[PDB]
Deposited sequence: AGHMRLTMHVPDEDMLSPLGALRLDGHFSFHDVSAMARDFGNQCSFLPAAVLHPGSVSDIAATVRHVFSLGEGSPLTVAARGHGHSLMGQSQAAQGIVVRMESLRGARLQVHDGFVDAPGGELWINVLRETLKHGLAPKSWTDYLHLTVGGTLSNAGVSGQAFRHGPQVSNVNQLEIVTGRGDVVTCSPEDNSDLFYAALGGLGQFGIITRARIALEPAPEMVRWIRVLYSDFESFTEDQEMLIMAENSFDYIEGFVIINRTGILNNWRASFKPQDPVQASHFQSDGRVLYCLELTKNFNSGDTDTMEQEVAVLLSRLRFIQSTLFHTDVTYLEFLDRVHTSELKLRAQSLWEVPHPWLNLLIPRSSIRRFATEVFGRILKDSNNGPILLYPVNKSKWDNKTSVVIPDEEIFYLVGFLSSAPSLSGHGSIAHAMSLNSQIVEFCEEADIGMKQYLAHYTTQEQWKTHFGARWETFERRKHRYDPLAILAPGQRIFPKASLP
């Protein structure tokens, strides 16, 4: 019995060794791996003691440790088959401090909760994810990208300090100035080098309102050229995203329920915001008029709405409530998330949207560019080698057991896109990747593999951490 000395640890919290089903599923709703135990930590010391114990067993133990955030992983990345799942949200509380234009947040804290606290001081983080009900540790283990990344970089570019429990069970406080290799390793590190128990996030003064804008384009070339010009301009919009709309009719009528019209085939939606304060509405109106005057969208499709900063940032939670009401939230999510270099974007769009795809009815297609200069080259993040690259997110649901959608249909369409990228040398890199072999991961990492592998031996030599990533099998190094 390897799990009886685990039950002998004098934890601040406790272990669950039978009631473990909730930790054997994720948002992907496809993979289910029953863990042997679930740690509900009462402190970071509990996490460190659990990791130290597993490490003390050496190479003769199949025990693994997976930190679970909000479980938004799509293919078992936060699960541990016959291992130990650490419920990071058990430490949410509790150690949330705002000081000096920074917020110190537990790793298991949701971004929505970081924002609610921070707003009480008139402050907020600068860089977001589209959905806020995700943990600080979970999004930083990836990158955390939204409409602000073009300017502030991803969330991983807006963190100043991390408190980590390494795969050796050591508790380390790190930053660009102390234990910097661990700091940079953890950022986009896919949970490979340790568990982030606390993060210092940079803040900026928060606006009270946002002018939220949506416009349509018929031409991809003009759509993307306008996005690229907006991401390079000075005093531009505060959020820049885009959507690919395949076949769908009554798009302006769907917007009419929330947005004010001004005035009443593959289409492209450009989504923008301009941050503002009530006492400075006229300056915003003038600045927005100027910015829009340089764009080439279909004028009759201009829709806008004035909302609070919180209402805009938490917008996806409204869609979550509607899906939960229709029992459409916990369905399989066979998402495909790609990073496409600027030089390949048109060739990609021609084949993917013009040929491979017939409709976009089972989920949105995100498409927008970012600036590579905002991403630090020392992290574990994998990005294309061009100064401008695009995030392309195929955020599909599979509500059907057969036919149109249908995990088998979504999976076939995803394979076709990836096979095209490979055959036509697009230079694509996947975001939120789910490779099953170390050979597929070596190719993904490419020139950055050696760095990733050396950091792994340094911080998790026995490969105890985040086995669901499938990069390093237990004790394989």
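**Student:** So which bits of the deposited chain never got modelled?
**Tutor:** Missing C-alpha atoms (numbering from 1) occur across the ranges 1 to 13, 278 to 287, 501.
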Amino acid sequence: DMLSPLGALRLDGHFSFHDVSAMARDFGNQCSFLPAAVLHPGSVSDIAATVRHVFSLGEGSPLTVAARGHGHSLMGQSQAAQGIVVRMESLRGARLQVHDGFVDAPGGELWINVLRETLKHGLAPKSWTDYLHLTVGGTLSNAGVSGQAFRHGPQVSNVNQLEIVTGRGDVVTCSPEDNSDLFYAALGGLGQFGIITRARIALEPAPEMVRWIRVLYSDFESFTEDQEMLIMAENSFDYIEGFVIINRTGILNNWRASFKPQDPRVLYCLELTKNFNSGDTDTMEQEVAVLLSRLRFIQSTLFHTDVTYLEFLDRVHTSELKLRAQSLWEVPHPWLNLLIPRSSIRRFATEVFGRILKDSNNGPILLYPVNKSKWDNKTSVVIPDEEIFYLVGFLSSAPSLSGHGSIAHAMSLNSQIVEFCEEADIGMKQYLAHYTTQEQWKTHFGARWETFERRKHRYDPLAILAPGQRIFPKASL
From here on, numbers count along this sequence of modelled residues.
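**Student:** Which has the higher mean CA temperature factor in the PDB entry, 127 to 135 or 335 to 343?
**Tutor:** Result: 335 to 343.
**Student:** Would 139 to 147 or 226 to 234 have the larger average of its C-alpha temperature factors, as given in the entry?
**Tutor:** Looking at the record's C-alpha B-factors, the answer is 226 to 234.
**Student:** Going by the CA temperature factor in the entry, name the top one among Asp178, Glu163, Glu241, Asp280.
**Tutor:** Going by the entry's C-alpha B-factors, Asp280 comes out highest.
**Student:** Looking at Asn247, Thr379, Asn113, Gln79, which has the highest CA B-factor as recorded?
**Tutor:** If I rank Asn247, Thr379, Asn113, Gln79 by C-alpha B-factor, first place goes to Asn247.
**Student:** In terms of the chain's CA B-factor thirds, is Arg68 lowest, middle or highest?
**Tutor:** For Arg68, the deposited C-alpha B-factor lands in the lowest third.
**Student:** Is the Cα B-factor recorded for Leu357 in the lowest, middle or highest third of its chain?
**Tutor:** Its C-alpha B-factor belongs to the highest third of this chain's values.
**Student:** Would you check the entry's CA temperature factor for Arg448 and let me know if it's in the chain's lowest, middle or highest third?
**Tutor:** According to the entry, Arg448 has a C-alpha B-factor in the chain's highest third.
**Student:** Please place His40 in the lowest, middle or highest third of its chain by C-alpha B factor as given in the entry.
**Tutor:** Answer is lowest: the recorded C-alpha B-factor places it there.
**Student:** Split into thirds by Cα B-factor across the chain's modelled residues, where does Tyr268 land: lowest, middle or highest?
**Tutor:** Middle third by C-alpha B-factor.
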